[PDB]
Each structure stands twice: as C-alpha cells, then as structure tokens.
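Chemist: Structure file query.cif (mmCIF, C-alpha atoms and all ligand atoms) right here:
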data_start
loop_
_atom_site.label_atom_id
_atom_site.label_comp_id
_atom_site.auth_asym_id
_atom_site.auth_seq_id
_atom_site.Cartn_x
_atom_site.Cartn_y
_atom_site.Cartn_z
CA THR A 92 106.73 88.85 112.82
CA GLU A 93 105.64 92.19 111.36
CA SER A 94 106.83 94.07 108.29
CA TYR A 95 105.68 96.80 105.97
CA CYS A 96 104.20 95.92 102.60
CA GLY A 97 104.79 97.90 99.43
CA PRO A 98 105.18 100.47 98.31
CA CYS A 99 101.75 100.36 96.63
CA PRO A 100 99.06 102.80 95.55
CA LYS A 101 96.81 103.43 98.55
CA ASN A 102 93.77 101.98 96.74
CA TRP A 103 95.47 98.67 95.79
CA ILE A 104 95.86 95.56 97.94
CA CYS A 105 99.39 94.66 99.03
CA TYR A 106 100.61 91.12 99.62
CA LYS A 107 104.26 90.18 100.14
CA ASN A 108 105.29 93.52 98.56
CA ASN A 109 103.34 93.01 95.32
CA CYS A 110 100.37 95.31 94.62
CA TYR A 111 97.14 94.01 93.07
CA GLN A 112 93.94 95.54 91.75
CA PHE A 113 90.84 93.96 90.25
CA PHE A 114 89.04 95.51 87.29
CA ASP A 115 85.46 94.42 86.61
CA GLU A 116 84.93 96.52 83.46
CA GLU A 117 85.61 93.87 80.85
CA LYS A 118 88.25 94.37 78.17
CA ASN A 119 90.08 92.17 75.70
CA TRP A 120 93.59 91.08 76.63
CA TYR A 121 95.34 93.89 74.76
CA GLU A 122 93.06 96.58 76.19
CA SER A 123 93.49 95.12 79.68
CA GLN A 124 97.28 95.28 79.34
CA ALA A 125 97.03 98.87 78.11
CA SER A 126 94.86 99.70 81.12
CA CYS A 127 97.42 98.27 83.55
CA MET A 128 100.21 100.10 81.71
CA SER A 129 98.34 103.40 82.05
CA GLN A 130 98.50 102.81 85.83
CA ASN A 131 102.26 102.10 85.77
CA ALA A 132 101.48 98.40 86.12
CA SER A 133 101.14 95.23 84.07
CA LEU A 134 98.69 92.35 83.96
CA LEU A 135 99.11 89.76 86.73
CA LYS A 136 102.36 87.80 86.48
CA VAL A 137 102.51 84.47 88.33
CA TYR A 138 106.09 83.71 89.39
CA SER A 139 105.91 82.08 92.85
CA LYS A 140 103.35 79.86 94.55
CA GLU A 141 104.93 80.84 97.89
CA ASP A 142 105.05 84.63 97.42
CA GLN A 143 101.66 84.73 95.68
CA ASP A 144 99.75 82.09 97.64
CA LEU A 145 96.90 84.62 98.07
CA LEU A 146 96.03 83.75 94.45
CA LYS A 147 94.48 80.52 95.77
CA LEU A 148 91.60 82.74 96.94
CA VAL A 149 91.14 84.60 93.64
CA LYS A 150 88.02 83.22 91.99
CA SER A 151 86.25 83.76 88.68
CA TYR A 152 88.48 84.17 85.61
CA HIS A 153 90.67 87.21 85.04
CA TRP A 154 93.17 88.16 82.35
CA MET A 155 96.79 87.62 83.35
CA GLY A 156 99.86 88.57 81.32
CA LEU A 157 100.50 85.11 79.83
CA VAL A 158 100.68 84.84 76.03
CA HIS A 159 101.57 82.16 73.50
CA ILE A 160 103.73 83.03 70.50
CA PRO A 161 103.06 80.30 67.89
CA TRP A 166 103.96 80.49 76.89
CA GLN A 167 105.59 83.73 78.14
CA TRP A 168 104.77 86.87 80.11
CA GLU A 169 104.22 90.40 78.82
CA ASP A 170 107.75 91.39 79.84
CA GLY A 171 109.23 88.63 77.65
CA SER A 172 110.21 86.47 80.62
CA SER A 173 109.60 82.73 80.58
CA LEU A 174 106.88 80.84 82.42
CA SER A 175 108.58 78.93 85.21
CA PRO A 176 107.74 75.22 85.44
CA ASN A 177 105.52 73.90 88.24
CA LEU A 178 103.49 77.11 88.62
CA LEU A 179 100.29 76.85 86.55
CA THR A 180 98.04 74.14 85.14
CA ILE A 181 97.03 75.29 81.64
CA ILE A 182 93.66 74.05 80.34
CA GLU A 183 92.03 74.77 76.98
CA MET A 184 88.75 76.67 76.94
CA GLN A 185 88.47 78.87 73.86
CA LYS A 186 90.94 78.63 70.99
CA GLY A 187 93.40 81.47 71.47
CA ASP A 188 96.85 82.73 72.42
CA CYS A 189 96.04 84.34 75.81
CA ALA A 190 95.24 82.98 79.28
CA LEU A 191 92.84 83.72 82.14
CA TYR A 192 93.91 83.10 85.73
CA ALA A 193 91.56 80.87 87.75
CA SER A 194 91.82 79.28 91.19
CA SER A 195 93.89 77.45 92.06
CA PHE A 196 97.01 78.27 90.02
CA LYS A 197 95.19 77.43 86.79
CA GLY A 198 95.34 79.11 83.40
CA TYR A 199 92.44 78.81 80.93
CA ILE A 200 93.31 79.47 77.31
CA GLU A 201 91.08 82.17 75.84
CA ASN A 202 90.84 84.17 72.64
CA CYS A 203 92.81 87.36 73.24
CA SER A 204 89.91 89.35 71.76
CA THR A 205 87.30 88.09 74.25
CA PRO A 206 86.35 90.70 76.88
CA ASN A 207 87.07 89.61 80.44
CA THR A 208 87.75 91.10 83.85
CA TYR A 209 91.42 91.50 84.65
CA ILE A 210 93.99 91.89 87.40
CA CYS A 211 96.75 94.47 87.36
CA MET A 212 99.95 94.05 89.36
CA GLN A 213 102.57 96.60 90.40
CA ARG A 214 105.91 96.19 92.12
CA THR A 215 108.23 99.09 92.91
CA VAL A 216 111.90 98.18 92.44
CA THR B 92 100.39 107.56 95.11
CA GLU B 93 102.98 105.06 96.36
CA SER B 94 103.13 104.42 100.10
CA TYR B 95 103.97 101.60 102.48
CA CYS B 96 101.20 99.62 104.14
CA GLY B 97 101.17 98.11 107.61
CA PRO B 98 102.90 96.85 109.48
CA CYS B 99 101.38 93.38 108.98
CA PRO B 100 102.48 89.76 109.31
CA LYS B 101 104.20 88.60 106.16
CA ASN B 102 101.41 86.16 105.24
CA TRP B 103 98.54 88.68 105.59
CA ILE B 104 96.92 91.04 103.08
CA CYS B 105 97.55 94.73 103.80
CA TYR B 106 95.05 97.39 102.73
CA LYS B 107 95.05 100.99 103.98
CA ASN B 108 97.21 99.96 106.97
CA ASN B 109 94.84 97.18 108.14
CA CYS B 110 95.89 93.53 107.92
CA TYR B 111 93.49 90.75 106.88
CA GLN B 112 93.72 86.98 106.72
CA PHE B 113 91.09 84.52 105.57
CA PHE B 114 90.66 81.15 107.30
CA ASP B 115 89.07 78.38 105.23
CA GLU B 116 88.52 75.97 108.14
CA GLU B 117 84.92 76.18 109.34
CA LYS B 118 84.58 77.13 113.02
CA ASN B 119 81.80 78.55 115.17
CA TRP B 120 82.01 82.20 116.19
CA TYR B 121 83.66 81.48 119.55
CA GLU B 122 86.35 79.21 118.06
CA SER B 123 86.97 81.72 115.26
CA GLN B 124 87.52 84.53 117.76
CA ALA B 125 89.89 82.32 119.76
CA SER B 126 91.87 81.52 116.61
CA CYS B 127 92.25 85.22 115.74
CA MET B 128 93.31 85.99 119.32
CA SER B 129 96.02 83.32 119.15
CA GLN B 130 97.51 85.33 116.26
CA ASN B 131 97.40 88.63 118.19
CA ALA B 132 94.37 89.64 116.13
CA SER B 133 90.58 89.97 116.30
CA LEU B 134 87.77 89.00 113.96
CA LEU B 135 87.07 91.51 111.19
CA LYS B 136 85.85 94.90 112.41
CA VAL B 137 84.05 97.09 109.87
CA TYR B 138 84.50 100.80 110.64
CA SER B 139 84.71 102.65 107.30
CA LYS B 140 83.34 102.13 103.79
CA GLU B 141 86.21 104.29 102.52
CA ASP B 142 89.14 102.81 104.44
CA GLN B 143 87.77 99.31 103.83
CA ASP B 144 86.17 99.77 100.41
CA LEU B 145 87.63 96.58 99.00
CA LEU B 146 85.56 94.54 101.44
CA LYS B 147 83.07 94.89 98.57
CA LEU B 148 85.15 92.30 96.66
CA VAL B 149 84.98 89.62 99.37
CA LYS B 150 83.08 86.55 98.13
CA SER B 151 80.87 84.28 100.27
CA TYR B 152 80.22 84.98 103.98
CA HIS B 153 82.59 84.86 106.93
CA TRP B 154 82.53 85.50 110.65
CA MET B 155 83.24 89.06 111.77
CA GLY B 156 83.52 90.41 115.29
CA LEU B 157 79.95 91.72 115.68
CA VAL B 158 77.89 90.27 118.55
CA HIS B 159 74.65 90.86 120.44
CA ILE B 160 74.83 90.62 124.20
CA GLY B 164 71.95 96.87 124.14
CA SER B 165 72.71 96.91 120.43
CA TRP B 166 75.17 95.00 118.31
CA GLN B 167 78.77 95.67 119.35
CA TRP B 168 82.28 94.73 118.28
CA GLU B 169 84.72 92.54 120.23
CA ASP B 170 86.55 95.64 121.44
CA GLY B 171 83.36 96.96 123.06
CA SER B 172 82.75 99.72 120.52
CA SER B 173 79.39 100.35 118.86
CA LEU B 174 78.56 99.56 115.25
CA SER B 175 78.80 102.84 113.33
CA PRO B 176 75.56 103.76 111.53
CA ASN B 177 75.12 103.58 107.75
CA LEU B 178 77.92 101.02 107.31
CA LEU B 179 76.24 97.61 107.20
CA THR B 180 72.83 96.44 106.05
CA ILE B 181 71.81 93.94 108.74
CA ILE B 182 69.75 90.98 107.48
CA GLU B 183 68.13 88.29 109.64
CA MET B 184 69.25 84.81 108.54
CA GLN B 185 69.26 82.55 111.64
CA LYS B 186 68.32 82.77 115.29
CA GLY B 187 71.58 83.98 116.81
CA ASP B 188 73.71 86.58 118.56
CA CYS B 189 76.62 86.72 116.06
CA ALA B 190 77.03 88.14 112.56
CA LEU B 191 78.67 87.15 109.28
CA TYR B 192 80.12 89.63 106.82
CA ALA B 193 78.86 89.37 103.23
CA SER B 194 79.37 91.70 100.28
CA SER B 195 78.60 94.41 99.76
CA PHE B 196 78.67 95.70 103.36
CA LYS B 197 76.00 93.33 104.66
CA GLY B 198 75.84 91.64 108.03
CA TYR B 199 73.90 88.38 108.41
CA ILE B 200 72.53 87.57 111.85
CA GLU B 201 73.73 84.01 112.41
CA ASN B 202 73.68 81.33 115.09
CA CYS B 203 76.99 81.69 116.95
CA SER B 204 77.36 77.88 116.95
CA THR B 205 77.17 77.49 113.17
CA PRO B 206 80.55 76.62 111.59
CA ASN B 207 81.68 79.23 109.06
CA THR B 208 84.88 80.47 107.48
CA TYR B 209 86.24 83.60 109.11
CA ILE B 210 88.39 86.71 108.64
CA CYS B 211 90.97 87.90 111.17
CA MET B 212 92.17 91.50 111.29
CA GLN B 213 95.16 93.24 112.83
CA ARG B 214 96.03 96.94 113.03
CA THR B 215 99.46 98.23 114.16
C1 LIG C 301 88.20 88.20 92.30
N1 LIG C 301 88.15 88.40 93.70
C2 LIG C 301 88.07 89.75 94.15
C3 LIG C 301 88.21 87.31 94.52
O1 LIG C 301 88.26 86.16 94.14
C4 LIG C 301 88.13 87.66 95.95
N2 LIG C 301 87.99 86.38 96.65
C5 LIG C 301 87.46 86.28 97.92
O2 LIG C 301 87.00 87.19 98.57
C6 LIG C 301 87.43 84.96 98.55
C7 LIG C 301 86.97 83.87 97.82
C8 LIG C 301 86.90 82.61 98.42
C9 LIG C 301 87.28 82.46 99.76
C10 LIG C 301 87.76 83.56 100.48
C11 LIG C 301 87.85 84.82 99.88
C12 LIG C 301 88.42 85.88 100.68
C13 LIG C 301 87.91 86.13 101.96
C14 LIG C 301 88.49 87.14 102.74
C15 LIG C 301 89.56 87.89 102.26
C16 LIG C 301 90.15 88.95 103.13
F1 LIG C 301 90.83 88.44 104.19
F2 LIG C 301 91.02 89.76 102.48
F3 LIG C 301 89.19 89.74 103.69
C17 LIG C 301 90.07 87.64 100.99
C18 LIG C 301 89.49 86.63 100.21
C19 LIG C 301 89.39 88.25 96.55
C20 LIG C 301 90.61 87.59 96.41
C21 LIG C 301 91.78 88.10 96.99
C22 LIG C 301 91.72 89.27 97.76
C23 LIG C 301 90.50 89.93 97.89
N3 LIG C 301 90.42 91.12 98.61
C24 LIG C 301 89.32 91.99 98.88
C25 LIG C 301 90.27 92.85 99.74
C26 LIG C 301 89.71 92.85 101.13
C27 LIG C 301 90.54 93.71 102.03
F4 LIG C 301 89.98 93.79 103.26
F5 LIG C 301 91.77 93.18 102.18
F6 LIG C 301 90.67 94.95 101.50
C28 LIG C 301 91.38 91.85 99.37
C29 LIG C 301 89.34 89.44 97.28
#
Now, as a test, write the supplied structure out as structure tokens.
Modeler:
Amino acid sequence: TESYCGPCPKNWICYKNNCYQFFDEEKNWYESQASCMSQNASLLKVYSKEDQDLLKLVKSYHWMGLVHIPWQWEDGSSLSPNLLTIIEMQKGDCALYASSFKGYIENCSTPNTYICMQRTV
Amino acid sequence: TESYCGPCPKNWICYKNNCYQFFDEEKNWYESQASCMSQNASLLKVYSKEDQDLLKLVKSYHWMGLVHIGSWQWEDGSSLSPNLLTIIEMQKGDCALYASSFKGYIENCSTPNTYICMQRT
C-alpha cells in the first residue's frame, strides 16, 4: 500500500513522515543542537521502535537529543521505557545513538557527527 | 523547502520521490531481483548523482540492477549513463554491486550479497 511521506526538505530522507539528515562535520552536543535548530529541526528523538525501525540501519555514533539532568529529550519530554539500551562510554550528560537502539553516554563537549530530525505538524 | 515525497510503501525510505528498501538477507543477484519483483519493485537503478546524492551515505556493498549480457545495462533495458559510477573489477561475473561513493563492483552473479530494492511511482 502506497502513501506520501513528509512533508520534508527535498534534500532530507523521509521515513514514516519523519525527516532525517546526517551531518559529518563534527560538533559538540550543544553546537549540534544549534545546527539542527537553525534548520528548523532538532537532534534525533527516538520515540518508537516501530515508526523509526530504519534506525536499526544507522551505524557509527551520532549525537541524538537525549540529555541527563543530574534522561530526557531536548523538548523536555520523557524517554519512554523499552526504547533504548543506555551504555556508559565517556563520563557525561549526553548520549550518542548507535545501532541497534543503543545510547552511548558521552561528554556533551566531545565533537561528534550528528543527526537532525524534522516533522511538520 | 517542504514538499511531499513519493508515493512509497509505508516501510520504505523516500528520497526525491524514489523509494528504497534494504534487505539484510544474503541472496545471489537472481534471487535478489526476484525478491524485488515480488514487491512490485526492481533492484537499485542509479541514474543521477543529484537526484540520488545520498547514495553516498550507503555503507557496505549491495546488489543493484546492473548486468552484463553490448555494455552494462539495467534491468529495464536502459544503458548505464556515463560519468555516474566508477566500475571496479572484483570477481569474475556479469552482475554489479553498489558501493559508496558511486562505485560499481563487478561481481559473480551467484555470490550471496545484501541488496537494495527501488520503486518509483
Ligand atoms: C550513518 N549512516 C548514513 C548510516 O548508517 C547509513 N547506513 C547504511 O547505509 C547501511 C548500513 C548497514 C546496512 C545497510 C545500510 C543501508 C543500505 C541501503 C539503504 C538504502 F536502502 F536506503 F539505500 C540504507 C541503509 C544509512 C542509514 C539510514 C539511511 C541511509 N540512507 C542513505 C540514503 C539513501 C537513499 F537512497 F535513500 F537516499 C538513506 C544511510
């Protein structure tokens, strides 16, 4: 069964109506979030294994919008249970997405590649 | 700017109105083409570095619809457009794998590989 996907910027990938782009110019977590925001987007938010199952194929390690206030997303929403396996790597309050549905804890100041995500409406 | 992409099946990636799905189960070229056909699709066709620029982000190597039976040709009978793929000899064979960035590996058609299906309209 066919359907349209989006809306999305023409240069971003669309999957199940969410829009994704990969950025290989490395930035710390804050600068990555600011970059996504400048594109009317935010860092990757993981909210559904079913709607975001393409993330199983996303390799390497990329900033996502998950933060620990001493885990929650940039928008202030809570991390849903049964979504991500969180593993320590570098002492820090931020997290890198890795396959499959893993989060590696990382110092927010460490430069990394990142994934921006847009959704209209 | 924001636009809709597709149409595509709900479980496929949409990019610039083309639909892509990756298959992790290793199959030879013939079985991979049959699998794509069962989903009303074909193996990946590469026709434009601009319309398909994010093929540069694909990791590993995967069957595409390029075959030697003349020059190399696609499943649909069309010719390979010049200045699109760097063709590299890897195995004795009449089939080709896609690898980034815009490379085609000549490969034995009987070798099991992962594959990419593509649909348009
Ligand atoms: C950070 N990155 C970039 C990754 O981990 C990378 N992973 C693998 O390529 C990848 C890695 C392992 C196994 C398969 C793949 C893969 C193969 C084909 C496709 C297909 F079917 F899309 F071709 C997608 C993934 C990635 C993840 C998610 C999407 C992409 N995309 C490139 C765009 C291609 C399109 F044609 F749609 F524009 C979408 C790339």
Chemist: For chain A, which residues have at least one atom within 7 Å of chain B, if we go by all atoms listed in the file? Write them as a list in words, please.
Modeler: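 So the residues of chain A near chain B are residues 92, 93, 94, 95, 96, 97, 98, 99, 100, 101, 104, 105, 106 and 107 of chain A.
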Chemist: Please save C-alpha atoms of the selected residues as a short mmCIF file (atom, residue, chain, number, x, y, z; two decimals), in the coordinates of the input.
Modeler:
data_model
loop_
_atom_site.label_atom_id
_atom_site.label_comp_id
_atom_site.auth_asym_id
_atom_site.auth_seq_id
_atom_site.Cartn_x
_atom_site.Cartn_y
_atom_site.Cartn_z
CA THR A 92 106.73 88.85 112.82
CA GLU A 93 105.64 92.19 111.36
CA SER A 94 106.83 94.07 108.29
CA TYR A 95 105.68 96.80 105.97
CA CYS A 96 104.20 95.92 102.60
CA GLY A 97 104.79 97.90 99.43
CA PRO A 98 105.18 100.47 98.31
CA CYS A 99 101.75 100.36 96.63
CA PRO A 100 99.06 102.80 95.55
CA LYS A 101 96.81 103.43 98.55
CA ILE A 104 95.86 95.56 97.94
CA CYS A 105 99.39 94.66 99.03
CA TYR A 106 100.61 91.12 99.62
CA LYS A 107 104.26 90.18 100.14
#
Chemist: One decimal, in Å: what's the spacing between atom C25 of ligand LIG 301 (chain C) and atom CA of residue 193 of chain A?
Modeler: 17.0 Å
Chemist: Need to verify the contact set: residue 158 of chain B, 8 Å, only C-alpha atoms, exclusion of same-chain residues closer than 2 positions in sequence. Can you return it as number ranges by chain?
Modeler: B: 156, 160, 166-169, 188-190
Chemist: Record the distance separating atom CA of residue 159 of chain B and atom CA of residue 203 of chain B, expressed in Å with one decimal.
Modeler: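 Those two atoms sit 10.1 Å apart.
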Chemist: For residue 186 of chain B, which residue among B:139, B:131, B:205, B:109 is the nearest when counting all atoms listed in the file?
Modeler: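 Counting all atoms listed in the file, the residue closest to residue 186 of chain B is B:205.
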Chemist: Name the closest residue to ligand LIG 301 (chain C) among the candidates A:151, A:130, A:180, A:205; distances are taken between atoms, counting all atoms listed in the file.
Modeler: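 Selected residue with least distance to ligand LIG 301 (chain C): A:151.
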Chemist: Name all residues at most 8 Å from segment 152-167 of chain A (count all atoms listed in the file; drop same-chain ones fewer than 6 positions away) and give them as a list in words.
Modeler: residues 120, 123, 124, 133, 134, 135, 136, 173, 174, 188, 189, 190, 191, 192, 193, 207, 208, 209, 210 and 211 of chain A
Chemist: Please produce a file of the residues just selected, as a PDB file, keeping the file's coordinate frame, where the atoms kept are C-alpha atoms.
Modeler:
ATOM      1  CA  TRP A 120      93.590  91.080  76.630  1.00  0.00           C
ATOM      2  CA  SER A 123      93.490  95.120  79.680  1.00  0.00           C
ATOM      3  CA  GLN A 124      97.280  95.280  79.340  1.00  0.00           C
ATOM      4  CA  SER A 133     101.140  95.230  84.070  1.00  0.00           C
ATOM      5  CA  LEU A 134      98.690  92.350  83.960  1.00  0.00           C
ATOM      6  CA  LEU A 135      99.110  89.760  86.730  1.00  0.00           C
ATOM      7  CA  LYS A 136     102.360  87.800  86.480  1.00  0.00           C
ATOM      8  CA  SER A 173     109.600  82.730  80.580  1.00  0.00           C
ATOM      9  CA  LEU A 174     106.880  80.840  82.420  1.00  0.00           C
ATOM     10  CA  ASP A 188      96.850  82.730  72.420  1.00  0.00           C
ATOM     11  CA  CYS A 189      96.040  84.340  75.810  1.00  0.00           C
ATOM     12  CA  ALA A 190      95.240  82.980  79.280  1.00  0.00           C
ATOM     13  CA  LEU A 191      92.840  83.720  82.140  1.00  0.00           C
ATOM     14  CA  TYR A 192      93.910  83.100  85.730  1.00  0.00           C
ATOM     15  CA  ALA A 193      91.560  80.870  87.750  1.00  0.00           C
ATOM     16  CA  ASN A 207      87.070  89.610  80.440  1.00  0.00           C
ATOM     17  CA  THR A 208      87.750  91.100  83.850  1.00  0.00           C
ATOM     18  CA  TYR A 209      91.420  91.500  84.650  1.00  0.00           C
ATOM     19  CA  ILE A 210      93.990  91.890  87.400  1.00  0.00           C
ATOM     20  CA  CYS A 211      96.750  94.470  87.360  1.00  0.00           C
TER      21      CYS A 211
END
Chemist: Which is closer to residue 176 of chain A than all the others in A:195, A:112, A:131, A:139, using only C-alpha atoms?
Modeler: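 Ranking A:195, A:112, A:131, A:139 by distance to residue 176 of chain A, first place goes to A:139.
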Chemist: Find the residues of chain A that sit at most 7 Å from ligand LIG 301 (chain C); for each, write down the nearest two atoms and how far apart they are in Å, to one decimal. Count all atoms listed in the file. Sort by chain, then by number going up, and give it as a Markdown table.
Modeler:
| residue | atom | partner | partner_atom | distance |
| --- | --- | --- | --- | --- |
| A:104 | CA | C:LIG301 | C28 | 6.0 |
| A:113 | CA | C:LIG301 | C2 | 6.4 |
| A:145 | CA | C:LIG301 | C21 | 6.3 |
| A:146 | CA | C:LIG301 | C21 | 6.6 |
| A:148 | CA | C:LIG301 | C7 | 4.8 |
| A:149 | CA | C:LIG301 | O1 | 3.3 |
| A:150 | CA | C:LIG301 | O1 | 3.7 |
| A:151 | CA | C:LIG301 | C1 | 6.1 |
Chemist: In Å, how far is it from atom CA of residue 198 of chain B to atom CA of residue 179 of chain B?
Modeler: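 Computed distance, atom CA of residue 198 of chain B to atom CA of residue 179 of chain B, equals 6.0 Å.
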Chemist: Counting all atoms listed in the file, which residue out of B:197, B:136, B:214, B:118 sits closest to residue 173 of chain B?
Modeler: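 Looking only at the distances to residue 173 of chain B, the closest residue turns out to be B:136.
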Chemist: Calculated over all atoms listed in the file, which of the candidates B:155, B:125, B:134, B:146 has the smallest distance to residue 192 of chain B?
Modeler: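 Ranking B:155, B:125, B:134, B:146 by distance to residue 192 of chain B, first place goes to B:155.
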Chemist: Excluding residue 153 of chain B and any residue of its chain fewer than 2 positions from it, enumerate the residues within 7 Å of it, using only C-alpha atoms, and give them as an NGL selection string.
Modeler: :B and (151 or 155 or 191-193 or 207-210)
Chemist: Go ahead and fit an axis-aligned box to every listed atom of segment 202-209 of chain B plus 5 Å each side, and pass me the centre and edge lengths in Å, one decimal, as lines of an AutoDock Vina configuration file.
Modeler:
center_x = 80.0
center_y = 80.1
center_z = 112.2
size_x = 22.6
size_y = 17.0
size_z = 19.5
Chemist: Quick one: residues within 9 Å of residue 204 of chain A, only C-alpha atoms, excluding same-chain residues fewer than 3 positions away - as JSON, numbers by chain?
Modeler: {"A": [118, 119, 120, 121, 187, 189, 201]}
